[PDB]
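Trainee:
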Amino acid sequence: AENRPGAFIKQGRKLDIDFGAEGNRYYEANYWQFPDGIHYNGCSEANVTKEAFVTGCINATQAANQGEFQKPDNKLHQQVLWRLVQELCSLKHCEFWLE
(Lines of atoms letter the chains of each structure in order from A and count residues from 1; the text may use other names and numbers.)
(Lines give C-alpha, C1' and ligand atoms only; values in the text may rest on other atoms or scores of the structure.)
Protein backbone atom coordinates (compact mmCIF):
# COMPACT_ATOMS: atom_id res chain seq x y z
CA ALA A 1 0.00 0.00 0.00
CA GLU A 2 2.88 2.22 1.08
CA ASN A 3 4.23 2.62 -2.50
CA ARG A 4 1.82 5.54 -2.92
CA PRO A 5 3.30 8.97 -3.72
CA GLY A 6 2.25 9.94 -0.15
CA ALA A 7 1.98 6.87 2.13
CA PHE A 8 2.55 7.59 5.80
CA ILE A 9 5.71 5.73 7.10
CA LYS A 10 4.01 5.79 10.52
CA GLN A 11 6.69 3.94 12.62
CA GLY A 12 5.09 5.12 15.95
CA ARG A 13 7.14 8.10 17.33
CA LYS A 14 6.88 11.74 18.62
CA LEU A 15 9.54 13.39 16.36
CA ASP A 16 11.44 16.67 16.96
CA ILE A 17 9.31 19.25 15.06
CA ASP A 18 8.46 22.51 16.97
CA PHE A 19 4.66 22.92 16.41
CA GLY A 20 3.94 25.52 19.03
CA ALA A 21 1.69 24.96 22.05
CA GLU A 22 -1.68 23.40 21.19
CA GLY A 23 -0.18 21.30 18.38
CA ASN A 24 2.80 19.89 20.37
CA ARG A 25 0.66 19.07 23.44
CA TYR A 26 -1.98 17.29 21.29
CA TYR A 27 0.84 15.43 19.47
CA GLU A 28 2.22 14.16 22.84
CA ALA A 29 -1.26 12.89 23.66
CA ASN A 30 -1.79 10.65 20.55
CA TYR A 31 1.43 10.68 18.45
CA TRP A 32 1.31 6.96 17.45
CA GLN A 33 -1.49 8.02 15.03
CA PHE A 34 0.93 10.18 12.90
CA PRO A 35 3.71 9.55 10.23
CA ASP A 36 7.56 9.43 10.54
CA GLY A 37 8.14 10.54 6.91
CA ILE A 38 6.71 10.05 3.37
CA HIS A 39 7.82 7.96 0.28
CA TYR A 40 7.04 10.60 -2.43
CA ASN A 41 9.81 9.19 -4.74
CA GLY A 42 12.34 11.51 -2.99
CA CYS A 43 11.88 14.47 -5.45
CA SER A 44 13.35 14.45 -8.94
CA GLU A 45 12.60 17.98 -10.21
CA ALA A 46 15.49 20.25 -11.20
CA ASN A 47 13.04 23.20 -11.13
CA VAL A 48 10.51 22.99 -8.27
CA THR A 49 9.40 25.56 -5.69
CA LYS A 50 8.45 24.57 -2.12
CA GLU A 51 4.81 25.46 -2.84
CA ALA A 52 5.06 23.17 -5.85
CA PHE A 53 7.01 20.25 -4.28
CA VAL A 54 5.56 19.71 -0.81
CA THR A 55 2.11 20.64 -2.12
CA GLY A 56 2.38 17.76 -4.67
CA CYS A 57 3.29 15.45 -1.75
CA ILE A 58 0.14 16.69 0.07
CA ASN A 59 -2.16 16.40 -2.96
CA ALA A 60 -0.85 12.83 -3.05
CA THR A 61 -0.88 12.08 0.72
CA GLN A 62 -4.50 13.29 1.20
CA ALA A 63 -5.49 10.45 -1.19
CA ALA A 64 -2.72 8.11 0.13
CA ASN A 65 -3.93 7.78 3.71
CA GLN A 66 -7.57 8.94 3.37
CA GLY A 67 -8.61 7.10 6.57
CA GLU A 68 -6.50 9.60 8.62
CA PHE A 69 -7.87 12.79 6.95
CA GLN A 70 -11.47 11.63 7.79
CA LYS A 71 -11.42 11.85 11.62
CA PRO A 72 -14.81 12.50 13.30
CA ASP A 73 -13.40 15.30 15.52
CA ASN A 74 -9.62 15.49 16.13
CA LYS A 75 -9.32 19.32 15.43
CA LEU A 76 -5.62 19.75 16.28
CA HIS A 77 -4.73 16.58 14.31
CA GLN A 78 -5.23 18.78 11.19
CA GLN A 79 -2.95 21.59 12.38
CA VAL A 80 -0.37 19.02 13.58
CA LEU A 81 -0.58 16.57 10.63
CA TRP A 82 -0.75 19.24 7.88
CA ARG A 83 2.33 21.01 9.35
CA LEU A 84 3.99 17.64 10.19
CA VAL A 85 3.63 16.22 6.67
CA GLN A 86 4.63 19.67 5.28
CA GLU A 87 7.98 19.47 7.13
CA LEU A 88 8.25 15.74 6.16
CA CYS A 89 7.87 16.87 2.53
CA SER A 90 10.00 20.07 2.80
CA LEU A 91 13.00 19.12 4.98
CA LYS A 92 16.58 20.28 4.24
CA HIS A 93 15.92 20.46 0.45
CA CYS A 94 15.26 18.28 -2.64
CA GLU A 95 18.11 18.96 -5.15
CA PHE A 96 18.25 21.99 -7.50
CA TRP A 97 17.49 24.38 -4.63
CA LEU A 98 19.85 23.71 -1.71
CA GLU A 99 21.28 25.28 1.44
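Add 51 to a position in the sequence shown, counting from 1, and you land on the number used in PDB author numbering. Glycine is no exception: its CB is placed at the ideal position from the N, C-alpha and C atoms.
Among the residues of its own chain, which have a CB less than 7 Å from the CB of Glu102, if the five just before and after it don't count?
Mentor: For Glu102, where only same-chain residues beyond five positions count, there are no Cβ hits under 7 Å.
Trainee: Is the beta carbon of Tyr82 sitting closer than 8 Å to the one on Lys65?
Mentor: The answer is yes: Cβ separation under 8 Å.
Trainee: Does the region 139-150 come into contact with the region 90-106, if we say contact requires no fewer than three beta-carbon pairs (one atom in each stretch) closer than 8 Å?
Mentor: The region 139-150, when compared against the region 90-106, does touch it at the 8 Å Cβ threshold.
Trainee: Figure out for me which residue from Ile89, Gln130, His144 and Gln62 has the closest Cα to the Cα of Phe70.
Mentor: Nearest of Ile89, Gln130, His144 and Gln62 to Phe70, Cα basis: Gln130.
Trainee: Do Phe120 and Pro86 have their C-beta atoms within less than 8 Å of each other?
Mentor: No, the pair does not count as a contact, with Cβ atoms beyond the cut-off.
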